[PDB]
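One structure is given here, and the rest of the page talks about it.
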Amino acid sequence: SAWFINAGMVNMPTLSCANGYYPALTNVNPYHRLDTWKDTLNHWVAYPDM
Amino acid sequence: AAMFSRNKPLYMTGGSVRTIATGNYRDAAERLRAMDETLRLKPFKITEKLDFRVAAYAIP
Amino acid sequence: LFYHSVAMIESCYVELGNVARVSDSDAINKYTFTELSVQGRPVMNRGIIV
């Protein structure tokens, strides 16, 4: 029970985005590092309780 | 490398700084994006399988 | 133009019929069927491109 006495800190990143102002930068040919970059969303939307 | 301010750690944030050379921009000028600016739309052939209720599109 | 008009709307509304019957958990789905097909640089995937 010694693990769960002191409250652990969750590091939430600062919310910033500039797609609404300059919609020209986001177009039909996006840049991605991995080719399996849409797998995690496609998994959640199909099976949420997993 | 470590930095301190107000007796607390000062951390570096943002993107990874590169060594900008004269060649790195003018190779994109040499490239010019020479892809002829012509809206070529490629098709998708629908493929039927066991269920038939839901549709599935293939690349060719 | 009357014959060219009916030819275009009949082509679109037929394909939107069998596009509405695909699950979101897939490569070419409801949201991302325009991006992969387009091989140009339009401002925004709307109007005549879709």
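Taken together, the values in this text are just the output of simple stated rules run on the coordinates, not laboratory data. Neighbour counts are summed over all protein chains in view; Cβ atoms, including those assigned to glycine, are modelled from backbone coordinates with ideal geometry.
Helix C:2-19 and the longest principal axis of the Cα set of chain C meet at an angle near 20°. Once a ≥ b ≥ c are taken as the square roots of the eigenvalues of the Cα gyration tensor of chain A, is the result rounded (a/c under 1.5), prolate (a/b larger than b/c) or oblate (a/b not larger than b/c)? Because a/c hits 1.5 or more and a/b fails to exceed b/c, chain A counts as oblate. Max-minus-min Cα coordinates of the protein assembly as shown on each principal axis give 77, 57, 28 Å, with the largest extent listed first.
Listed by chain and number, the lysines placed with their C-alpha closer than 18 angstrom to that of A:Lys38 are C:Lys30; residues fewer than eight positions away on the same chain are left out.
Under a Cβ-Cβ cut-off of 14 Å, what is the net charge of the residues other than B:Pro60 that fall near it, where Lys and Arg count +1 and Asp and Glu count -1?
Details: positive: B:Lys42, B:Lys45; negative: none.
For residues surrounding B:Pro60, the net value is +2.
Cβ-Cβ distance of A:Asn11 and B:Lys8, R₀ of 25 Å, FRET efficiency by 1/(1 + (r/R0)^6): the value works out to about 0.95.
Which value at 222 nm does chain B reach when only helices count, each DSSP H run of 4 or more adding -39,500 (n - 2.57), with the total divided by all residues and rounded to the nearest 500 deg cm²/dmol? Provide the component values of the computation, followed by the final result.
Numbers: 1 runs with 9 residues, N = 60.
Rounded to the nearest 500, it is -4000 deg cm²/dmol.
Electrostatic tally near A:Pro23: other residues with Cβ closer than 15 Å to its Cβ, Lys and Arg +1, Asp and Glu -1, net +1.
Go through A:31-41, C:29-39, C:13-23 and give me the packing order, highest mean Cβ count within 10 Å leading.
Details: A:31-41: 8.6, C:29-39: 14.5, C:13-23: 12.0.
The peptides rank, most packed first, as C:29-39, C:13-23, A:31-41.
For chain B, just say rounded, prolate or oblate: build the C-alpha gyration tensor, square-root its eigenvalues into a ≥ b ≥ c, call rounded for a/c under 1.5, and beyond that prolate if a/b exceeds b/c, oblate if not.
On the way: a/c = 6.13, a/b = 1.70, b/c = 3.61.
In terms of gyration-tensor shape, oblate.
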